[PDB]
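Look below for two forms of one protein chain, each set out as structure tokens: first structure 1, then structure 2.
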Structure 1
């Protein structure tokens, strides 16, 4: 059972970290298991040099830490990836363990033994599941290596810039805070939604609109505040206060404190088994939700910069989820729009909601986007009218004139739900699965909620599969050009390239992304270059 370090090749690794973040963790223990024997490493760090590959639960995490120490240790087989492909609700080692025959403990040796056992059991369950096997070998397993390099590389942050911006925003916050209190006739904690509720609906005469989900309090959400924007001067200042405090507390203040001492850069984690649809997630810190939609947000984007002598290259799949819907549904009108190379939102703004596409004003185009997104998420005419500043009836029509112009989308949604009810799951173009039991619920509200989750997954998940595949293909090509892949934001990639190669890099990555997997419609990629994330965007 107990055998001296080192282990034979192909052994499963087990390791304990002082904390969950690979880039910040002390490696406390390092074990390995193979053929019914466990090898525990006398000194974890030195023991790392003996390994040729990290095979086991949470492989990437160990690879990231290895890369941190200047070791080129790649992640290989990971039972978590197998489990997640079988059922995307398999997101943690704790859960996967109890489910497939072990216990996730806090000891390296037991973790190595667990990894071996779980892999054997899980690999057998993936026999016959050829499409999931293809996903594992061709996408998830290789992807884990790409992600490990991204995590270890990190991205550069203009700290002094954010420090200065912080002091600016702090001053503006105090003005709004002072005004709000003037209008309230007294100070209170403006960050407390409970105290705000009292002030708005009880102390001021403002009418409550909706209520909160769990506790049933009168909501003070943006949707509610926006509707009361001209019911009282205090509202506008509260909306602005919300924006500034959100951005300051979430990005401006925390980010500078997260710079790594060795790298001088910011290192997120790209979670590979975290979502029900097949998307990645980002945490510690989350870099897939850096602001950009507001002025202040854009000034925050500017903080993410290229290394000196380098440029950022930002690549973005144009309307990918819509293109994927065109393919999956086979709707002629939708397919023709993309094949003719037309702006789908502009076309959507003419095909319905009047005419003609020579064209529509910009405010009309966002109207079309709202509809499209709405269809994507199964948004009711209610929330659509509230999202469109138009009477409820005006929204109902807009939704109908949509399914008139793109009939096969309707047929596709109905077909997807029917098959989901029979099989108990839905799938992406590549066969990635999400089980959706509640399609058979006897409570309409629950059932319908489940339906929206169900038919959306094939779209969101196919777009995720495509991006993942693209990253897998793109990565080796960048390596050979001396370029870096830094971040992924669902439909977008951010790279780093030497100034002199930035053009060549952008051209190559663009073409690699557009040709990732030919569909019934072309994939168009928009690319931008700049010294910071904002100026690199379009």
Structure 2
């Protein structure tokens, strides 16, 4: 293009280069803008941010987050990544999008600015006539990008000293287990190396191998294999406890305290908006969507996520969300009635599994019932179900048989979804979000049936993800007017931060917004809690 002087006219597309992927930690190396067949390159990128009224272009949110870090309100606008993502959610990176729609993603701000301009023109053209995708763009994704930027720049408070203390405690317990594993094995080795562990269990000891690994065909040492050997030899039990502790220490307890930001004093994740095949968000650097919650030690870790002094955390989580979505998408009269009566299938399955009254279902039990209910739903095999529940094969077929005959319209919707996917090549959510699934007519059975399971899962998971995104878009401005903050999204859950004297009002309002976001044929029910820490608030 023709090189013009900074600043650019209003409505220009931005290009920028960061020292590293994380916007809260990145040095803004370069900044440029393109419009009207010209390119503007900024002499000093930080100063030049003040001139922009809007971040418009590829990865707009990332630049908006960095502007918020500097005390500038530079909201993100159009982003060709979002247009490409709605056209085909396999469009996840600028490298691919550029190569697919008319450019090349380089490492220079000016070229990235001119690329953003061209890619928006072409992609906006590809979307002419796709009115449902355009609705999702204007009413969900583009406004959501602004919400995410604020969430990323706000961060979450963490009890650092608490986790440091915990690390030393967990370390001592790890050494006790390690020392005994070595004693039973008769010698020491790297207990973290699954290759070395394989030899010990299956060659040195006489333990039988139950399964092989996918890519390399080694004898597996996964938890499911060890649980099957848990009493065939004691050492296994110690290995399972070792694995749990080292997993939590190396993934959460030790890395997280070192990631507190110096200006904010808080922990900052990234909410990736074009990263999944179903329309879900993802979280990275660090992932705050997989913080432990299941085991007693996991809960000690979750307690480290706390509220600023004078504030409280508010946590909202949809009830049995993808089951309610299934009722609406399938139109099953039997299943609709289950939620109109305020029933809970996870609690029911839990009582069934454990042979105890519903009043005796602890959280750990209901947690296991969810894997069953969603495993069966999305196609688990009878044999595996028998092994997961330690019951004969015949009883497992019957559970799967009962499960689906209770709701006949479900398998009819599954088959309808698959037929539509084979005709058009894609499946879609309630709002029209698409996932292309071409393997539905593959001649290899395993490849075909895998595609099938991915195919009819996406409309359910994706619709639930659509609803949450829409709720976040509606809820955010209401929270600003109350002086509250939106902190995290965990697929079907939101964590907020609110002043203590407005905490109760915020919880009531957020609950209502999330439940009436988009009424379905079944009521959406939301559980909400308030506490000084993330665990207390659920």
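Positions refer to the first chain, counted from 1. Under this definition, the rigid core comprises the largest set of C-alpha atoms superposing within 1.5 Å between the forms.
Look at the two-part rigid motion between structure 1 and structure 2: residue 79 and residue 346 go with different halves. Rigid-body analysis on C-alpha atoms gives a rotation of 40° for the smaller part relative to the larger between structure 1 and structure 2. For residue 363, the CA shift between structure 1 and structure 2 after superposing the rigid core equals 9.2 Å. Core-based superposition between structure 1 and structure 2 puts the Cα shift at residue 374 at 1.6 Å. Once the two forms are overlaid on the core, residue 513 shows a Cα shift of 0.3 Å between structure 1 and structure 2.
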